[PDB]
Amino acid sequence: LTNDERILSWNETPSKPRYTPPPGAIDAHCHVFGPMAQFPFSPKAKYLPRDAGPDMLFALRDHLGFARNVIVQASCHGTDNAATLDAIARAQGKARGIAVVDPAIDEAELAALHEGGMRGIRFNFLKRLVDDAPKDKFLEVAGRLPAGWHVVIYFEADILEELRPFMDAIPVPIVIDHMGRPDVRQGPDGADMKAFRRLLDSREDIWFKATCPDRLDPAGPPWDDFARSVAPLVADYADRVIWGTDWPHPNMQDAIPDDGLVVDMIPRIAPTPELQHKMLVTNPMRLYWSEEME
C-alpha cells in the first residue's frame, strides 16, 4: 500500500528552534523508516509508517542545527537493519547507529554491523512484550558484542524493579531510552525519579537519554512537568546524559510533536552552556565516536 496510505507521525514543516545548539551537537536518538521500496518493513509490523528516509533526516538535522546523528533501528524493521545501515552510509561520517538483532546473530555478522557504523543493540521492553521476552538469550548476545559496544534499553516505570536483575547482569554499558518513562507529573523528587536514581546509583556505566517530553508529559507543550522533573536529573548526572529528537516519532501520530519545540526543551533541562555542551557534544562523542575522543 502507497506512501500516502501509510501513517504520518511527524510535522512536515517543523518550526525553526528558538534554541541554537553548539556547533558540533549530536541528535543521539532518531530513526529512518524505509523508504519501503528499497527497505521493506518486517512482516510482523502491525501499522506501517510513511517513508522517512535519510535525505529527510539530514534535512531535519540541518534545519534544527545539529551536526551528527545516532540512527536507532526502528521497530517496524524488526531484525533487518538495512534501512539504518544505508542511512549511516549516506551520512558521510555524520552518523552512527543502534541495531536490533536476532539473539542468534554470530560474531562475523556483528563485526559487519560494526563496520556499518553500529555501536550497540536495543532491547525494547514494552508492557505487552516484557512477559513474553526471552531475557536469557538477550543476556547471552549482550556478552559477546564487538569491543566498546553498549546496550540501549527501553522500559516503563511499572516494570523497573522486575528488570533490575537483568540490567545488573548486562556486561557492557547501558543507555536507558526516555529515562524509562518516569511519571513527570510527580515532580523531580517523585517516586519514579527516586526509583530511577537508585538504578543509576547501582552502576557507574548506566547512562540515559533525557528525551521525549511528548511521550512523558500528557499536558502537551510546553511540557512543564517534563522540564521541572528532568532538569535536576540532568544536573545530577551531567556526564551520563545524552539527548535526541526521536524523529520521525514512531507511534506518535495521535500527538505529533513540532520538532522546533522539542529542541527548545534543551535549554530548559540543561540551563548552562556547560551542561548543553556535555549532553549534546562530549557525552554522545564519548559513547558513539570514542576513537575520535581524548
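The first residue of the sequence shown is number 1, and the count goes up from there.
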For this session: Would you mind comparing 170-178 and 139-147 for me and telling me which has the higher average C-alpha temperature factor in the entry?
Result: 139-147
Exercise. Between 106-114 and 197-205, which has the larger average Cα B-factor in the PDB entry?
Worked result: 106-114
Exercise. Which has the highest CA B-factor per the PDB entry: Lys44, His31, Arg61, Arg240?
Worked result: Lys44
Exercise. In this PDB entry, which of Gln186, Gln92, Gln73, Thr211 has the top CA B-factor?
Worked result: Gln92
Exercise. Within this chain, which third does the Cα B-factor at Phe39 fall in: lowest, middle or highest?
Worked result: highest
Exercise. Against its chain's modelled residues, does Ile7's Cα B factor rank lowest, middle or highest third?
Worked result: middle
Exercise. Based on the entry's values, in what third of the chain does the Cα temperature factor of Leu48 lie: lowest, middle or highest?
Worked result: highest
For this session: Name the third of the chain's ranked CA B-factors that contains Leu126, choosing lowest, middle or highest.
Result: highest
Seminar exercise, completed: By the entry's values, the third containing the CA B factor of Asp55 is the highest
